[PDB]
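This text opens with one protein chain seen in two forms, each one given by itself as structure tokens under the names structure 1 and structure 2.
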Structure 1
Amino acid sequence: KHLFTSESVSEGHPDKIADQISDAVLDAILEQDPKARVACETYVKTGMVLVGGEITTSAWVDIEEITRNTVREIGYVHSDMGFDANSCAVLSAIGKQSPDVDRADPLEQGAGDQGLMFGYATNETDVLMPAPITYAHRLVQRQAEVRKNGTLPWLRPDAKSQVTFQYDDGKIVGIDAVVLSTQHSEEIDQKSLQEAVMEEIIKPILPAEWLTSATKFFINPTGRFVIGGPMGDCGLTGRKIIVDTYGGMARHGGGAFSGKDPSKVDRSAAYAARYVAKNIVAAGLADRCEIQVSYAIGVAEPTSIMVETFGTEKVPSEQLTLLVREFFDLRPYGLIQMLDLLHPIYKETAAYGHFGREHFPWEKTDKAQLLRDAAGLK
């Protein structure tokens, strides 16, 4: 009764490979040119990586070297896994300055595109993130954690996890269903896999107080999982946008993050929307907070700002919407200054979630105390 489900994928999933390659290229460019315009779309298939899009930068980068290193760190170094970073093909289809100061104050620059973006936060977890997506992320990051340190050496990078939570009036009741399918080598059978996944992955993550005898567990439910990654499966950037955000707990505007420089409101505004939502919840102004911002191309001011507090607000929501508008610069290049986004920090974001990890700029809660006593509280 009253259940919610969220899924996640590891860094070896072909979609996440394309996300990591895109942001890897972005980080390389930003390391030389912080003001660069980057729109990098990566296509990864069996034996192939296609890196395309449009960049406008003074930087000079090696797309092949960046791509091979990124796949090499993911762990695809051998043809027995279905993909090898040293022998795969790397093709490039990157165009330059698309024929487009304009503004006396750079912060007043209009948006580069239209679109809608969402941010979310909930005091369910320590990191102000929804439980299902948080623990789904932690399962697949542990699977890579135990593959990379040699604990379970038979694991291969491609993996997917899914956690179904039972809810009762916003109260986290427990876990009703766990799904975890991981790619593996020939050095293990399915019965030893289902037991090793329980002991080395699921147990050090899902709190024992949420697992009962009724919790359905599906570990490699179809059996053998040896062929994976780009082998026999396509990977495109921007095909895991719900995994990259809130696992379905919150709504989405449709924009991908990876391969996009901070001037692309699809990424920066979504990070800022998370920044507002986390600070509103961290300030104690709501238990759950979702905000939507939208933009029109060539318009600096957001065309709409909605603050949704699902009955959890500790102050009228009209007051919340005004607090958002004055304590945060939601203008495109205002986001960049507010979050200090012109740095090569994005290859790390393309993997196990863009949110919930406290060292990102959009995850710091330096505005919570300000919002708290600005709304007159304690």
Structure 2
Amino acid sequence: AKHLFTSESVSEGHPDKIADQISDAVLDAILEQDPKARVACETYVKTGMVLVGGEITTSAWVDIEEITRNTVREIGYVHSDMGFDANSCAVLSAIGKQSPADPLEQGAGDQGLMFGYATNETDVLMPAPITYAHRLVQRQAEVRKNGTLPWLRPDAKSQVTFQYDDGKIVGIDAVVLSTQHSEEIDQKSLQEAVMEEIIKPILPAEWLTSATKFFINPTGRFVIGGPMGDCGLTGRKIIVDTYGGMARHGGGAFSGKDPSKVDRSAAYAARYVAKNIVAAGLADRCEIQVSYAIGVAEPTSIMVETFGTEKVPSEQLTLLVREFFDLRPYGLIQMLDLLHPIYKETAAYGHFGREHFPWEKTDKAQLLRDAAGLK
């Protein structure tokens, strides 16, 4: 049936995403020294200040203030004219610290479930709305940092409404792009530049018609942004972090958490499964639901929803997942080789659909395709 579907993303300068990146920068700095550390780092940013809090158990010694200032500086807040300055904002630490047979048989601590999702409607096997929303704010940051549009400032949001028909994309119905900018540029010039340097190189021409609506800084000037007059907190962008609303989400933020937190690592594993099923050609689109029982390691149930797109029977998919992936809480950590400082890169522009992340590798695809008996 014909319908619209919308997703959004936000730049690395958005205050919630600032907090995510600081949490994962702290996490990465600890993991570099202590790969087995327990970290639950929650950040709060607002006018003039960063508060980094939470709980860690580690042998690592890290300078929270330096990590914080370096992270905000890299994002681009370096002057009070932008609303925020990495060099002169307040940084407060409130982190409680503590000192540090078959480990893979560790059972789950909760009744829980995890969702994964993939679809061959894009090259990265992600839903088109979240993919192109991500790409729009990532492009905003790129042309900001490389000097193409030097008047851009870090804070930006995007939103894309796709039209579907019979489950395939027909085009883009509406685009929102709001970006922070310096005082000197006028809105008409800004809108033309955003169209030419951000929107047009990112969105396929075939999907843009004369009916497409473009809302580029629709309320006009956007000089002050980031944390200034606007709070950011770790874990308040969990839908832009994942699938943009296209898939179900069981709850649980990612950033600031070490891989032992099932909320993060099991979600990564569930994406890994779904992406490899679709890359194998076993379905065009796939939502996986992994259920865990308190005190047992293997998932208690694995449901593979294929939305009628399956190329083999649905029971065969469940069995293939049982055979080729280790979805035990600690086994998936080993499968994905997660005990490394790789998380700051995940904390803006999406945890899924990205290049080099281990849960985005399609290295079980051909094995699954063979095992299911097709070519």
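For numbering, take structure 1's sequence and count from 1. Note that the rigid core is defined as the largest set of C-alphas that superpose within 1.5 Å between two forms.
Novice: Which residue in 204, 110, 284, 174 stands out, with a C-alpha shift of 2 Å or more between the two structures when both forms are set on the rigid core?
Specialist: Only 110 moves by 2 Å or more at its C-alpha.
Novice: Would you say residue 146 moves its Cα by 2 Å or more between the two structures, aligning on the core?
Specialist: Residue 146: C-alpha displaced by less than 2 Å between the two structures.
Novice: Quick check: residue 303 between the two structures - does its CA shift reach 2 Å or more after fitting the rigid core?
Specialist: Yes, the C-alpha position differs by at least 2 Å between the two structures.
Novice: Once the core is aligned, does residue 294 move its Cα by at least 2 Å between the two structures?
Specialist: Yes; that C-alpha moves by at least 2 Å between the two structures.
Novice: What is the magnitude, in angstrom, of the C-alpha shift at residue 243 between the two structures when the rigid core serves as the superposition reference?
Specialist: With the cores aligned, its C-alpha sits 0.4 Å away.
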